[PDB]
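Basis for what follows: all heavy atoms, side chains included, without hydrogens, waters or symmetry-related copies. Reminder, nothing fancy here: chain letters follow the sequence lines and each chain counts from 1.
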Protein chains: 2
Amino acid sequence: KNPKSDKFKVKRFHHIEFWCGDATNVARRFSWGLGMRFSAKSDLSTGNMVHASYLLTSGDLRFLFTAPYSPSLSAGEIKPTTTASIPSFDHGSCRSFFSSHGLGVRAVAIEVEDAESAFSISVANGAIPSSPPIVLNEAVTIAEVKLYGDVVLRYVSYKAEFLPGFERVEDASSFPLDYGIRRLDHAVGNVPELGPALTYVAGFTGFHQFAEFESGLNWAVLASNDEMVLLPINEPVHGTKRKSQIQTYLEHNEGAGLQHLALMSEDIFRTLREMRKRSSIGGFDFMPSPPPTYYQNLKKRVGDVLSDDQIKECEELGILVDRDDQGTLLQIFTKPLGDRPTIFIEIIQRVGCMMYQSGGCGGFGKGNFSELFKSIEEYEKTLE
Amino acid sequence: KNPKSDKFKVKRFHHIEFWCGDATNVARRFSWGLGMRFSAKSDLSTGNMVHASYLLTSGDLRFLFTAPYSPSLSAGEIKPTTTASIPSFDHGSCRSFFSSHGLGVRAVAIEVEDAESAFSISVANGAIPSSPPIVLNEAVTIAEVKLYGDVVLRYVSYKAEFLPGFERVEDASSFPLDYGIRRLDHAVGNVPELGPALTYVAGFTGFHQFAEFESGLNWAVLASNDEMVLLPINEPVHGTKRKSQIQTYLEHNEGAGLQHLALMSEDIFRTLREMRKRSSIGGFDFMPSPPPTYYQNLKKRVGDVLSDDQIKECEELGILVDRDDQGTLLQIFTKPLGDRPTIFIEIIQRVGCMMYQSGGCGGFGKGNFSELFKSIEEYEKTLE
Ligand SMILES: O=C(O)Cc1ccc(O)cc1
Ligand SMILES: O=C(O)Cc1ccc(O)cc1
Ligand SMILES: [Co+2]
Ligand SMILES: [Co+2]
């Protein structure tokens with residue numbers, strides 16, 4: 001059931017902006033850990049006296065890292081005279097976000113046909129405005145509305161290189177790292193109440209509930225017309241034996257925010273080999289692999305989709321496999337990206353649903369809760 | 001002229017603490033860029049609900065990275081009931097330091113015979129107290145006094161593994177990186193007025209002016225009795241054609257602070273080869289190398305100390321060479337470690353003055369200003 005009810009033309013995920021305390025160290029860590037190239041910059045060397053902003057890219061995936069300078073550098077400026085390249089940036093807002101949440105995503109940006117129209121229709125339909133539409137060098141239009149917590153949904157539209165005022169980075173400083181990551185598949189938010197969050201966001205976007213298929217959480221996925229922009233939202237479930245992971249997120253994040261980014265790889269095995277080689281030399285750590293029970297039980301579930309050799313490669317890399325009625329999903333999760341048990345990353349690859357591949361092919365891993373529990377119980381048995 | 005006037009027994013440099021917004025990403029970046037091992041941690045997994053602290057080590061060099069958690073995690077605590085492993089840590093002080101200065105050194109820590117006595121004598125002699133002496137698990141004593149700006153001089157003494165409450169880090173997560181860095185040689189502060197800063201610090205430590213040997217700055221070096229603890233201090237000189245680099249520091253740092261850390265390598269050529277291989281894949285960038293004029297003029301100055309082959313290796317690595325009347329100094333400087341043009345790192349190796357090597361053997365590079373200017377002028381000539 002896809003009603004195609006988008007209230008404005010949405011194209012694709014455009015970028016993810018992290019608000020940092022020091023953008024340089026986060027961007028260099030992410031570049032090496034994920035194999036993303038330094039591609040654009042806006043900072044003191046480009047005339048930006050307000051914020052330091054560094055763009056990493058892998059395929060179509062764009063990660064932006066931004067941190068404020070001393071406000072004293074731009075004290076003479078006013079918004080009309082600003083040297084910031086992102087006019088929605090605010091020293092106070094950024095310092096407050098980072099002190100409240102630690103390292104985290106500030107903007108989920110989507111490209112649309114007309115950012116000014118997307119903003120107006122959204123706000124007309126209940127969206128809480130964050131930054132009004134602003135035209136940059138008569139070329140790009142940027143606008144922001146609240147999504148959940150302190151995360152904004154950012155609309156970008158081009159009349160026709162990232163943003164005006166950004167410079168492509170020098171060749172020597174731009175090493176062509178690539179571990180196979182190609183685009184952002186989905187971006188997941190954690191909220192205290194799922195119902196009102198769903199009603200708010202679906203209310204101003206016209207996004208529809210994506211069709212899917214007792215421990216932890218409840219969730220639902222909002223989707224654009226072609227289901228290429230996908231936004232799952234989680235809420236905690238209280239009363240369980242094990243403390244809900246969503247609740248722990250909310251406590252350590254000081255409220256709602258973005259929980260994880262799901263990054264599509266064109267070759268998840270090569271991606272994971274490359275990231276795992278760097279886990280202890282400045283990259284990212286991964287969640288503990290499931291027990292070999294899980295991989296023993298993979299044969300009857302996905303034996304028609306993956307060969308026994310490709311299954312064994314899943315076992316040594318710790319990859320999880322799930323399947324719906326239209327496709328199969330390979331996935332794995334990192335440990336938290338920063339000091340707090342909050343934001344993390346998922347690497348995925350989808351197989352099936354070719355027309356191009358349709359969005360969400362394979363779902364989002366819903367059946368992995370039951371299969372993992374069954375695996376831990378059967379592994380204990382296999383141990384005793 | 002070494003009066004040996006230390007007012008308390010000072011041993012060696014013990015560690016450098018960075019105050020960060022996210023300690024995880026800075027520590028992983030530094031570990032890979034400098035080849036330092038993850039060795040100890042104090043964080044949520046060790047019961048610390050206050051700050052995340054990660055220790056990197058290479059030889060005797062200890063880099064500590066600390067960032068605050070949400071204060072809500074420790075809201076029920078009081079100083080007697082604290083779970084912090086560094087009792088001088090304060091949420092407000094840290095957030096204020098980082099928002100004012102960006103990424104930077106908060107503590108220069110020196111090991112002394114008795115931290116409580118060092119604190120008392122210092123304060124008796126004009127030192128501005130920062131954190132009174134605190135005994136940790138009846139094993140280590142920690143105290144802090146103001147050094148310059150918001151940097152503290154930290155005294156540590158052991159009755160007899162970094163600090164109580166820290167845990168050695170798991171073997172898998174601890175990769176034995178080593179590029180040859182072995183200890184901290186000196187730590188340099190930038191201040192607006194050199195005279196009063198010298199008088200304050202020498203006044204409460206009894207440190208003496210280290211004997212050395214028109215553009216930029218004036219400086220002087222304070223030294224402990226055996227001249228193993230070395231603390232140079234710079235002030236800007238105004239009125240020059242080129243804006244003083246010390247003045248730019250003060251503006252972007254919002255005042256006085258630590259300008260650079262000088263790290264001794266046992267093999268500066270191997271250190272620089274290893275760091276330069278990683279400059280564009282998440283490590284550190286280096287200042288532009290001097291012109292080959294400089295290396296052409298190296299023969300007559302240090303031709304008795306380095307061979308023509310060892311000189312050519314200096315040329316391709318960009319190393320600078322200086323010499324006093326007792327030793328020779330190999331040095332090189334990184335670009336700023338973070339977003340701001342503030343803190344950077346120096347890699348050095350000293351040759352000569354063996355008794356063990358005496359401290360400061362070769363000086364601190366004073367003659368490199370004249371030689372670099374002469375080189376740029378002779379290179380322009382060689383160009384025309
Ligand atoms: O997949 C989701 O919808 C989000 C999510 C996934 C795993 C998890 O443990 C918590 C939330
Ligand atoms: O060496 C010093 O005493 C500090 C310093 C060195 C080089 C420089 O450009 C500025 C300060
Ligand atoms: Co997911
Ligand atoms: Co120096």
Side-chain angles (χ1 to χ4, degrees), chain A residues 19-33 35 37-38 43-45 51-54 65-73 91 94-95 98-104 170 172-177 251-254 278-285 336-341, chain B residues 19-33 35 37-38 43-45 51-54 65-73 91 94-95 98-104 170 172-177 251-254 278-285 336-341:
Chain A
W19 267 1
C20 317
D22 186 81
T24 288
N25 278 270
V26 178
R28 295 206 167 205
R29 196 280 185 106
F30 273 58
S31 175
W32 174 234
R37 193 161 191 198
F38 271 102
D43 64 14
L44 285 172
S45 72
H51 56 95
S53 284
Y54 303 114
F65 306 81
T66 303
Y69 294 127
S70 169
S72 73
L73 303 190
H91 285 278
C94 189
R95 288 195 160 94
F98 192 92
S99 100
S100 178
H101 307 300
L103 176 64
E170 41 286 1
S173 318
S174 177
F175 195 101
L177 295 167
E251 281 162 12
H252 288 259
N253 195 56
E254 294 189 9
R278 298 160 170 86
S279 289
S280 299
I281 56 165
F284 294 99
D285 301 335
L337 317 193
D339 296 332
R340 306 195 185 186
Chain B
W19 267 1
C20 317
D22 186 81
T24 288
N25 278 270
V26 178
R28 295 206 167 205
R29 196 280 185 106
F30 273 58
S31 175
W32 174 234
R37 193 161 191 198
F38 271 102
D43 64 14
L44 285 172
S45 72
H51 56 95
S53 284
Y54 303 114
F65 306 81
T66 303
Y69 294 127
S70 169
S72 73
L73 303 190
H91 285 278
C94 189
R95 288 195 160 94
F98 192 92
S99 100
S100 178
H101 307 300
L103 176 64
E170 41 286 1
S173 318
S174 177
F175 195 101
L177 295 167
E251 281 162 12
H252 288 259
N253 195 56
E254 294 189 9
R278 298 160 170 86
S279 289
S280 299
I281 56 165
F284 294 99
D285 301 335
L337 317 193
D339 296 332
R340 306 195 185 186

Legend entry - Residues that B:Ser45 engages under side chain to side chain donor-acceptor pair (under 3.5 Å), provided they are two or more places apart: B:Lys41, B:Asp43
Legend entry - A:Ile281 portion near chain B, given a 4.5 angstrom heavy-atom threshold: both
Inset, instruction - Heavy-atom pairs under 4.5 Å with chain B are the metric here; pick the option from A:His91, A:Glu251, A:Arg278, A:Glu254 that has the most. - result: A:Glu254
Legend entry - Working for side chain to side chain donor-acceptor pair (under 3.5 Å), residues B:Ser280 and A:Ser173: CA-CA 5 Å; B:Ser280 299; A:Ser173 318; 5.3 Å; no
Inset, instruction - Identify which part of B:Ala52 has an atom lying under 4.5 Å from any heavy atom of chain A, answering side chain, backbone, both or neither. - result: side chain
Inset, instruction - For residues A:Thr24 and B:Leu103, determine if any side-chain heavy atom of one lies less than 4.5 Å from a side-chain heavy atom of the other. - result: no
Inset, instruction - Determine the interplanar angle of the B:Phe30 and B:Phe284 rings, folded into 0 to 90°, and report it as parallel if under 30°, tilted if 30 to 60°, perpendicular if over 60°. - result: perpendicular
Inset, instruction - Would you confirm whether the ring centroid of B:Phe175 sits within less than 6.0 angstrom of the ring centroid of B:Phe38? - result: no
Inset, instruction - Using a cut-off of under 4.5 Å on heavy-atom pairs, state which of A:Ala23, A:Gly283, A:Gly35 scores highest against chain B. - result: A:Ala23
Legend entry - Interface residue of largest heavy-atom contact number with chain B, from A:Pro336, A:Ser99, A:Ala67, A:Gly102, under 4.5 Å: A:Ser99
Inset, instruction - Could you tell me which portion of A:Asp285 (side chain, backbone, both or neither) has an atom closer than 4.5 angstrom to a non-hydrogen atom of chain B? - result: both
Inset, instruction - Give, as side chain, backbone, both or neither, the part of A:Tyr69 having an atom under 4.5 angstrom from any heavy atom of chain B. - result: both
Inset, instruction - Please answer whether the main-chain N or O of B:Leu337 pairs with a side-chain N or O of A:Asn25 as donor and acceptor at a distance below 3.5 Å. - result: yes
